[PDB]
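A structural walkthrough
Okay, here's what each chain looks like letter by letter:
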Amino acid sequence: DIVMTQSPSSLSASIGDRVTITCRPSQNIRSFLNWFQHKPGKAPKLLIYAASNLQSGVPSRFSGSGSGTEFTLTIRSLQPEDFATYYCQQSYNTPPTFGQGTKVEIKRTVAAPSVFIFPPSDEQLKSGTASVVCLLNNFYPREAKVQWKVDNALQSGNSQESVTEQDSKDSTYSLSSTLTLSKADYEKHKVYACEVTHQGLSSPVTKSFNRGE
Amino acid sequence: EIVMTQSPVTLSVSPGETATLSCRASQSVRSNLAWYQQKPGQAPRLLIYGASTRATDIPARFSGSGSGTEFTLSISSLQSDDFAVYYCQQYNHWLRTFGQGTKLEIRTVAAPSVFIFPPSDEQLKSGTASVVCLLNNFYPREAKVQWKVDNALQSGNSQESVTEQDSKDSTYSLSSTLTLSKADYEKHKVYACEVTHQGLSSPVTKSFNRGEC
Amino acid sequence: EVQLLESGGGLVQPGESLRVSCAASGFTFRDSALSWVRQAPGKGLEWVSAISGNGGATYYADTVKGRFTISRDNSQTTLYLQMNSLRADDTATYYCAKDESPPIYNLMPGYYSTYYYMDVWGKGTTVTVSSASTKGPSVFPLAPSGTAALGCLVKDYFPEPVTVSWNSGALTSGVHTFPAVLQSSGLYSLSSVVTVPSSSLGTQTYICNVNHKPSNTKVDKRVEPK
Amino acid sequence: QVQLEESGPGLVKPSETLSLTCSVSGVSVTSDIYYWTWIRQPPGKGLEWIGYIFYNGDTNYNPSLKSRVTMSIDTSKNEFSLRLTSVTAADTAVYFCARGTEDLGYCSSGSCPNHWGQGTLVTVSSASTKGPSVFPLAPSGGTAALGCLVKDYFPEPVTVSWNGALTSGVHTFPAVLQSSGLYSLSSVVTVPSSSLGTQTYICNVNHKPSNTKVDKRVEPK
Amino acid sequence: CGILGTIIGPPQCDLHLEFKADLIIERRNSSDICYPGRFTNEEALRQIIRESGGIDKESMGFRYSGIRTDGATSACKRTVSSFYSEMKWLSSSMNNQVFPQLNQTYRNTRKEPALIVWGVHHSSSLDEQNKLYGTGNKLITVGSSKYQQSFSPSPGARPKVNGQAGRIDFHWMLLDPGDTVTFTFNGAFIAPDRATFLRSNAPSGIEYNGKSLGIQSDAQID
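Residues numbered from 1 in each chain as written, not as in the entry; some residues may be left out. Chains lettered and ligands numbered in written order. Part of a larger assembly, values for the part shown. Heavy atoms only, no water.

In terms of determination method and resolution, the entry is listed under X-ray crystallography at 5.3900 Å.

**Looking at the overall build of chain E**
Heads up, the rule is: A run of H or I in DSSP counts as a helix once it spans at least four residues, and a run of E counts as a strand once it spans at least two, with each numbered from the N terminus. Values of the radius of gyration come from C-alpha atoms, whereas the globule rule sets the reference at 2.2 Å times the count of residues to the power 0.38. Accessible area is worked out with a 1.4 Å probe on protein chains only. A residue is then buried under 20% of its type maximum, exposed over 50%, and partly exposed in between.
Counting its regular elements, chain E contains three helices and 13 strands. The C-alpha atoms of chain E give a radius of gyration of 18 Å, which matches the 17 Å a tight globule of 222 residues would have. If one aligns the C-alpha atoms of chain E with their principal axes, the spans along those axes are about 55 × 40 × 30 Å. Expressed as a percentage of the 222 residues in chain E, the buried residues total 53%.

**Comments concerning the pattern of salt bridges**
As a reminder of what qualifies: Between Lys or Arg on one side and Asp or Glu on the other, a salt bridge is scored when a side-chain nitrogen of the former is within 4 Å of a carboxyl oxygen of the latter.
Under the definition given, this model contains 37 salt bridges over all chains. Among the salt bridges present, the one from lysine 183 of chain A reaches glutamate 187 of chain A, with a minimum N-O distance of 3.8 Å. You can see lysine 183 of chain A and its partner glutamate 187 of chain A sitting in helix 2 (residues 183-187), four residues apart, about one turn around the helix. What makes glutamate 187 of chain A partly exposed here is its relative accessible area of 31%. Of the charged contacts, one joins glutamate 17 of chain B and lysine 45 of chain D as a salt bridge, the two residues approaching to 3.4 Å between their closest N and O atoms. Placement of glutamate 17 of chain B in the loop between strand 2 (10-12) and strand 3 (19-25) and of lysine 45 of chain D in the loop between strand 4 (34-41) and strand 5 (48-54) is noted, with the two residues assigned to different chains. Its relative accessible area of 32% is what places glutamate 17 of chain B among the partly exposed residues. Judged by its relative accessible area of 39%, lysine 45 of chain D falls in the partly exposed class.

**Thoughts on unusual backbone geometry**
Residue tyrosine 140 of chain A is joined to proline 141 of chain A through a cis peptide bond whose omega torsion reads 5°. Inspection of the secondary structure puts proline 141 of chain A in the loop between strand 13 (129-139) and strand 14 (145-150). Note the cis peptide between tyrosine 139 of chain B and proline 140 of chain B, where omega equals 5°. Turning to its location among the elements, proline 140 of chain B is positioned in the loop between strand 12 (128-138) and strand 13 (144-149). For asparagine 106 of chain C, which is not a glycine, the phi torsion comes out positive at approximately 55°. With respect to the helices and strands, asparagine 106 of chain C occurs in the loop between strand 10 (92-98) and strand 11 (125-129). Under the relative-accessibility criterion, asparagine 106 of chain C is labelled partly exposed at 25%.

**Structural notes on the sheet that holds strand 10 (residues 180-185) of chain E**
All names here are of chain E. We count it as follows: DSSP-based pairing: two strands are paired if at least 2 bridges between them are found. Axis lines are fitted to C-alpha atoms, over the contacting stretch for helices. Their N-to-C directions set the angle, which ranges from 0 to 180 degrees.
Pairing in this open sheet of four strands is antiparallel, and the strands run 5-10-7-8 from one edge to the other. A single partner strand is all that each edge strand has here, and the edge strands are strand 5 (102-107) and strand 8 (148-151). Here the strands of the sheet are splayed against their neighbours by 10° on average, with no regard to which way each runs.

**Re the state of the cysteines**
Operational definition: For the purposes of this analysis, a disulfide is any pair of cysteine sulfur atoms at a distance within 2.5 Å.
A full pass over the atoms with the stated rule returns 11 disulfides over all chains. The partner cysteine of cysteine 152 of chain C in its disulfide is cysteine 208 of chain C, sulfur to sulfur 2.1 Å. Note on the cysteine 152 of chain C and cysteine 208 of chain C pair: the S-S dihedral is about -105°, so by sign convention the disulfide is left-handed. Remark: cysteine 208 of chain C occurs in strand 18 (residues 207-212) and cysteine 152 of chain C occurs in strand 13 (residues 147-157); sequence separation between them is 56 residues. Overall, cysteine 152 of chain C belongs to the buried group, its relative accessible area being 0%. The class of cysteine 208 of chain C is buried, set by a relative accessible area of 0%. Linked covalently through their sulfurs, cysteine 22 of chain D and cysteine 97 of chain D form a disulfide whose S-S length is 2.1 Å. Negative torsions about the S-S bond denote left-handed disulfides, and the value of about 60° found for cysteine 22 of chain D with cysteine 97 of chain D makes this one right-handed. Here the residue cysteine 22 of chain D occupies a position in strand 3 (residues 18-25), and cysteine 97 of chain D occupies one in strand 9 (residues 93-101), the gap between them amounting to 75 residues. Judged by its relative accessible area of 0%, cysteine 22 of chain D is buried. Residue class for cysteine 97 of chain D comes out buried when judged on its relative accessible area of 0%. Looking at chain E, its bonded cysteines, counted consecutively from the start of the sequence, adopt the pairing 1-2, 3-4.

**Digging into the packing of aromatic side chains**
This is how the line gets drawn: Working definition: rings of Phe, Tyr and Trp (its six-membered ring) pair if their centres are within 6.5 Å, and the pair is stacked with planes under 30 degrees apart, edge-to-face with planes over 60 apart, and tilted otherwise.
Taken as a whole and judged by the stated rule, the model has 47 aromatic pairs over all chains. Residues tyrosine 59 of chain C and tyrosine 112 of chain C carry aromatic rings whose centres are separated by 4.4 Å and whose planes lie at 75° to one another, so their mutual orientation is edge-to-face. In this pair, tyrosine 59 of chain C sits in strand 7 (residues 59-60) while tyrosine 112 of chain C sits in the loop between strand 10 and strand 11, placing the two residues 53 residues apart along the sequence. Through pairs of rings, three or more aromatic residues link up here, namely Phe62, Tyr106, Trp118, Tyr147, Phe151, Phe183, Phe185 and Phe189 of chain E.

**So, the arrangement of the chains**
Which entries qualify depends on this criterion: Whether two residues are in contact is decided by their heavy atoms: any pair within 4.5 Å suffices.
Of all seven pairs of chains that touch, the greatest number of contacts is found between chains B and C. Without any contact between them, chain C and chain D keep their closest C-alpha atoms 18 Å apart.

**Side note on the sheet that holds strand 11 of chain C**
Two strands in a sheet stick together by hydrogen bonds in their backbones, pointing the same way (parallel) or opposite ways (antiparallel). All names here are of chain C. Across the sheet, six strands lie side by side as 2-11-10-5-6-7; this open sheet has mixed pairing. Looking at which strands have only one partner, the edges of the open sheet turn out to be strand 2 (10-12) and strand 7. Both strand 5 (residues 34-39) and strand 10 contribute to a ladder of four bridges, which runs antiparallel. Counted as the bridge partner of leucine 34 is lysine 98 from strand 10.

**Things to note about the interface of chain C and chain B**
Just so we agree on the cut-off: When two parts are put together, the accessible area they lose, computed with a 1.4 Å probe and summed over both, is reported as buried area. Here a polar contact means two N or O atoms within 3.5 Å. Within protein one must be a hydrogen donor candidate and the other an acceptor candidate, and residues neighboring in sequence count only if both atoms are side-chain atoms.
Each side of the interface is counted separately: chain C has 46 residues, and chain B has 43 residues. Carbon and sulfur atoms supply 59% of the area that chain C and chain B bury against each other, a total of about 3,600 Å² over both sides. At the junction of chain C with chain B, the criterion picks out two salt bridges. Of the charged contacts in the structure, one is a salt bridge between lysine 221 of chain C and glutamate 122 of chain B, with a shortest N-O distance of 3.1 Å. Where chain C touches chain B, the interface holds 13 residue pairs in polar contact. Looking at the side of chain C that touches chain B, the elements with two or more residues in it are strand 5, strand 6 (45-51), strand 7, strand 12 (138-142), strand 13, strand 15 (175-177), strand 16 (181-182) and strand 17 (188-197) of chain C. Among the elements that take part in the side of chain C that touches chain B, strand 6 of chain C stands out by supplying four residues, more than any other.

**Focus on the nonpolar core**
Put simply, the rule is: For the purposes of this section, nonpolar cores are sets of buried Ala, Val, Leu, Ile, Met, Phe, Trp, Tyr and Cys residues that join through side-chain atoms within 4.5 Å.
Counting residues in each nonpolar core, the largest one holds 73 residues, and the members touching the most others are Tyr84, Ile116, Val117 and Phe183 of chain E. Not counting residues within four places of it along the chain, the set of residues in contact with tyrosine 84 of chain E comprises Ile8, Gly9, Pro10, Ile33, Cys34, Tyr35, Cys76 and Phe170 of chain E. Residues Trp35, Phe83, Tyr87 and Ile106 of chain B belong to the second largest nonpolar core, which totals 45 residues.

Structure follows, in structure tokens:
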């Protein structure tokens, strides 16, 4: 019932930079405050206990400070593996409650995506559906625009995108876009193309294939 | 002669969760205290009067409490139509005063789509140049625009405004206008809007070169 | 039904006078109190004054302590507010609000109970105080250059408001008309935009329809890719 | 010093009962000083503490959930469990089990879970389970990319390995919800182009709710 | 200095081991302990100290035969790693060597009731208990004419504070004059070296400084 207000909700910082996250409980909680780190697909990890105590295996660049109604987690020189969502947690009265979290993203140099296009497999076409996939691999920053073209007509409404979370070693993103057509419409047209616009490409890059070659 | 201060200026609460508001008041006040729900484009509507006694035929999810100085307003089950602004008044000093106002929000982080518009030839003939930067359909509301003209940061010659939260998709949009004289506009080449927002891993710049397209 | 209707208001030069009426209709027998509350777009609410019975109020805020005077005409059931010596900050949407008190107070039915809360609010009348001088807008295209955005800039008009529609109201999806901003010249500027399929630019005409009733000006502006 | 593995259905229908189990390795669930906790996080929302249980019987559940939740410890199996009745879509979440150590000098009783499991997703839905179809992403200045497409499964998640042997350079993308209401994702890996003529790559796509294992091997069209 | 720390001597409380005071001021960030642990009946114990007048210390006279008594920790640094000033940390004298069943009796000679504090050590790991105190069952029993209780370590990891997963818990008693406290333990035991005597129970023999008020204040002194 104690409300934990964490700020900011999100931040981006370069490798080597000093990062600071604040937590303000809705009442004084003395030192009964913990900090958790949650990396994509891993178990949340207690980093700091009782406001300032570093947990085993946590690098000394992480430090917790404060008491009462204002607490700070500092990461003194950000590393790519520190990409995660961080939460404060009060242990002062029941129920334990958590801050809404702070997503820490890493700023790095621009990296152009590598682009790959995959035609639908023949096995799927027997199902009456054709999925065409475009892969944008290992790029930074997150914007990449993927335009589909079928015999040079721009498509809209018949594709979906998915983006990975930032990579824990090189801090890049990857993105898949899937163009879905009925098999009947797919065989009525010939040239299938994925066109990618991104800050790392001086002009857009197109990967394409010819149906039935 | 008796100031009212509400906290915070604006809060973001997911639909369904309870949203607690604050109405701190200098000097004692208990007998009379009224809460209001002023939806945009409408007149205020009475919710609670006195302190806890709610108005006639208003939902039971609107709760009121407080005494003397600190006053609270909690909305139990939140609905998407509760995007109104809330105020609190007081007795008496023979002079009732209102509160500052608390904006209530109701989604997934969304980066703005950014568009830049050169001045029209029609406008330039009248002697002025408005360059417009549009940040469309983003969430949360916090966003920053910077204008550069031949890479020089502009100060004092722009204005911006932001829409109410969109009922249809819970996003915001923002328009910024850079205003130059005709003579000044024709003296420079590169016009750029740089946008910072939580949904963007790096700030995004949209630009044009005057006299190119 | 306890609704009241506010009439009057408009544009006035600073230093002039203006009174706003409030037709108290419905359940109100008008032995109960009434109040005025003003709000400027971009600011919060602020209580202005109150009236009770006959001449029991005499209740004015410190901002208008020497300028505003509150009248009551129970024979025609209308509440008034003579706003004299108007200044620039007096520009607001003046609301006429009902006043209710706990039944323990208000001993004599007519006189003032010094503890009131407003229950039924009115539609409100907008009063603008400037040295402005009504002016219709210029309308400029924001030209589009899977999804495209296009729009119209409605610039250099006074006073508010303007209305914008697209394709005579046939285009609604994806339209955003922004709040106007006030420029240093004292004129307003606003933008209205719409997002549309890129593929529609070439087949489909987009026209923004702008209406500024204060100057009875009406503009349709076709927005073309360039 | 302890390992904590969560298990349970993955899909529960609305109004039915959600049951989860936590397999504990490295310590005994019969120890007087540890307590066992569940926490959850709805998609895109905050962490919510559910409760704790001690071997001696002392429990405490979040008041938001107390009238629907129970926990137990199974000493024979070295497990502890969560039971949540009358579920709705609000209970779709990643559920984490955790251990803490009673430490009243620094923490309220049962309030500092410091060894967590990685969490298991539970989806509350009336839709049925569906196993994925898995399709190859075949290779086209030194480096080639290949992968496998995992299309049309429900609910989440799938896991993908390449060969647990090929691991460097792997990207498994977050799933996308298609307009059909089913999920799809891709897993990719970068490898030497000089490798395409002679070495083996098999993506392994595994989906426990549909009890599916599908192997695709990848190569030039 | 935390107040309870005056009794058992962390490096913090080094100045104030034998303090004489009419008015005692606690402070907010003060830590009663160097090596993570907590006092049983803690709030009750302080209220005794606040009104004490201050405290006088005298040695309980304990001596040891075959044990490490010089136990030191990273937690009590003090030029070099150290322990509580007023206690001895008892260890096997050879790693993994099973610890001796020992007995101690101390009797309260003085007219004022003595204050006695002792420790139970909960080792970081089941291993560390073994390394420190040997292996097998560990039992500690404390006996006084009004007091008896038995303590056993419950070894495990706990969140790392001061760099230690392990904990030490302090239990205290008041001993009437002419009363024996008997200490019996096979290990995990932190032993009092000195007894604490209140100054407002003194016989006006010039130690005596009677009746203090203990306050909690954020303000300076004047």
